[PDB]
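Chemist: Please find one structure pasted underneath; my questions will follow.
Every residue, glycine among them, receives a Cβ derived from its backbone with ideal geometry; neighbour counts consider all protein chains shown. Where a number appears in this text, it was derived from the coordinates with a stated rule and is not lab data.
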Amino acid sequence: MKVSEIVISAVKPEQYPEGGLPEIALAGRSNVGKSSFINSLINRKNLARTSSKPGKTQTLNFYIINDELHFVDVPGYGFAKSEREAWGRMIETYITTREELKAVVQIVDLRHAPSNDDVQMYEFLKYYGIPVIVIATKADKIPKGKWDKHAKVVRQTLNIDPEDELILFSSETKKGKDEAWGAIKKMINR
Ligand SMILES: Nc1nc2c(ncn2[C@@H]2O[C@H](COP(=O)(O)OP(=O)(O)OP(=O)(O)O)[C@@H](O)[C@H]2O)c(=O)[nH]1
Ligand SMILES: [Mg+2]
């Protein structure tokens, strides 16, 4: 997509933006680079703020791209890993009351294997039959030669449906860019 502005920081539906526009929201361990992915697709450095390595994103952030879509940035599973569950109620409601939600891009790190939270997430995300675009990120930190031994583990771990799709990615080198935008567009222009 020949592709960039914030709109709001909703903590509940009584805040979600207006317009009834389409949205793709992200789910990911904390620090995984969800805030980064978002930026990588619409070509921004820190529109969605990134951080050294903490738990910087802390609210559902809506980013209207070309006034045609909505990327929604989300805190990592549980921000400060009680607050665990506090996190769910929110992502859940949303992913069960936001009809425009046109799919969830769940991002996991390629290097390691999906943490149960990721299987969990995906599971839930699947119980509601929400289309998902898994993203093996930070490819660039894995010897190009071993991206199969790593990305095979995911598929098995998250045992990803055949309807859903895994994609290798880099917020550094931008690898997986378009693939993302393609799948993301299948979901939008379905
Ligand atoms: N080398 C590398 N670093 C990455 C990559 N993606 C994200 N990072 C680094 O990881 C850190 C956190 O990235 P973010 O995008 O803020 O993380 P996040 O998952 O959105 O974090 P929260 O908003 O707290 O959930 C930063 O220092 C980024 O520069 C990637 O593909 N390669
Ligand atoms: Mg984030």
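Chemist: Tell me which of 26, 39, 94 sits at the most positive position along the dipole axis of the chain, charges placed on C-beta atoms (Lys, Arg +1; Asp, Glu -1).
Modeler: Highest projection toward the positive end goes to 39.
Chemist: Percentage of Cα-Cα pair distances in segment 90-189 greater than 19 Å, rounded to whole percent?
Modeler: Summing the P(r) of segment 90-189 above 19 Å gives 42 percent of all pairs.
Chemist: Where the centre of each part is set by its Cα atoms, how far does segment 135-190 sit from segment 34-105, in angstrom?
Modeler: Centre-to-centre (Cα) distance: 18 Å.
Chemist: Taking the Cα-to-Cβ direction at residue 119 and at residue 21 and moving 7 Å from each Cα, how far apart do the two end points lie in nm?
Modeler: 3.8 nm
Chemist: First measure r as the distance between the Cβ atoms of residue 51 and residue 163, then evaluate 1/(1 + (r/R0)^6) with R0 = 35 Å and state the FRET efficiency to the nearest 0.05. Walk me through the intermediate numbers first.
Modeler: Numbers: r = 34 Å, r/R0 = 0.97.
E between residue 51 and residue 163, to the nearest 0.05, is 0.55.
Chemist: Taking 0.36 nm per residue of separation and subtracting the Cα-Cα distance, what length does fully extending residue 100 through residue 144 add?
Modeler: Extending this stretch completely gives an extra 12.2 nm.
Chemist: Oh, and also: Which cross-chain or sequence-distant (5 or more) residues have an amide H under 5 Å from the amide H of residue 27, H modelled 1.01 Å from N in plane?
Modeler: Residues meeting the criterion, in which the H sits 1.01 Å from N, are 105, 106, 107.
Chemist: May I ask you to derive the FRET efficiency for residue 2 and residue 59 from their Cβ-Cβ distance with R0 = 35 Å, giving the value to the nearest 0.05?
Modeler: Step by step, r from the Cβ atoms, then E = 0.75.
Chemist: Using 10 Å bins from zero, what percent of all Cα-Cα pairs in the chain falls into each bin?
Modeler: Spelled out per bin, shortest first, that is 9, 40, 40, 10, 0.
Chemist: Could you rank the peptides 89-100, 10-21, 110-121 by their average count of other C-beta atoms within 10 Å per residue, with the highest value first?
Modeler: Final packing ranking: 110-121, 89-100, 10-21.
Chemist: Run the simple label-point estimate for residue 185 and residue 172 please: 7 Å along Cα→C-beta, distance reported in nm.
Modeler: Going by the 7 Å Cα→Cβ label model, 2.8 nm.
Chemist: A further question on this structure: Would you mind telling me the antiparallel percentage of the DSSP bridges in the chain, rounded to 5?
Modeler: So the antiparallel bridges amount to about 40 percent of the total.
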